[PDB]
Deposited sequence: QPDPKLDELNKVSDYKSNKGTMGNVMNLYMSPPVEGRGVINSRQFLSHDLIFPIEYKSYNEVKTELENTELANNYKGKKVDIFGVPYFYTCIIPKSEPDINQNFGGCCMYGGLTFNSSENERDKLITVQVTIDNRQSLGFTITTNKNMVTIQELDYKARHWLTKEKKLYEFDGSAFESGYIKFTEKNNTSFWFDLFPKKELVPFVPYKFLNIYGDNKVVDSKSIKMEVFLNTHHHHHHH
């Protein structure tokens, strides 16, 4: 898309020196994802979002936002599964008539009863271009959102390798890169822009709004991290 230069990656140290708290980002990837299996939207706020009557903790619905109306219309009124990262501060979800609730981007795949062996994907992690480990994540979906993968991966690294901590990280910068079978690739900067203080969740999570879907069986995942 193509691969980032070091100097273009967001820095943990810049985020801290702008008085930001990396714990906001930690909590998105440590707390559980929104999940729903075979659900159908109950309503909409704007024509590029779909409101789903799924439970998350004490919330009774989630608004998921798509990048444009046609993408929303691709899923509207259909049986889908939902998997994504919710936020609450800045979430705007008007009631059916009074304002806050649970929101997310993207997250959607068509529900399929022919979709039942878990696949394993090995995430390849490289640090400072010099040490590797891999771990594996699973999903039972043949066609999976990139969001689902990204979350499963960042969640393991946050819990096990200090990807995000309350006030920083074991790293200074990094990105996660996905490679599809046809050989093209894209990446996300793992860290928040230094300007994003206070942390405003929708501006970080809108990367999922394109509801990019991939084939579990063939997708390649690589993380690259730099220490300070």
Deposited-sequence segments unaccounted for in the coordinates
98-102, 234-239
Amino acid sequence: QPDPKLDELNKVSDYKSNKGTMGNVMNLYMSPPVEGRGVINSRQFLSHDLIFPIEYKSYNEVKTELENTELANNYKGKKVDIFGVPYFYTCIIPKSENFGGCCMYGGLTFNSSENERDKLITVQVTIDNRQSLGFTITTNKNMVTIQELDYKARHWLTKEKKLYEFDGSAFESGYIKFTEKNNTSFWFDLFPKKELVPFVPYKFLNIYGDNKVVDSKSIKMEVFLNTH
From here on, numbers count along this sequence of modelled residues.
Taking the deposited Cα B-factors and averaging over 141-149 and over 118-126, the higher mean is found in 118-126
Do the CA atoms of 215-223 or those of 21-29 have the higher mean B-factor in the entry?
215-223
Highest Cα B-factor in the PDB entry belongs to which of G174, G168, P198, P53?
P53
Among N73, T158, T90, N111, where is the Cα B factor highest in this entry?
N111
Modelled-residue ranking by C-alpha temperature factor, third containing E180
highest
Place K194 in the lowest, middle or highest third of its chain's C-alpha B-factors, as listed in the PDB entry.
lowest
State the tercile, meaning the lowest, middle or highest third, of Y105 with respect to the CA B-factors recorded for its chain.
lowest
Pull the Cα B-factor of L133 out of the PDB entry and bin it into the chain's lowest, middle or highest third.
highest
Pull the Cα B-factor of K203 out of the PDB entry and bin it into the chain's lowest, middle or highest third.
lowest
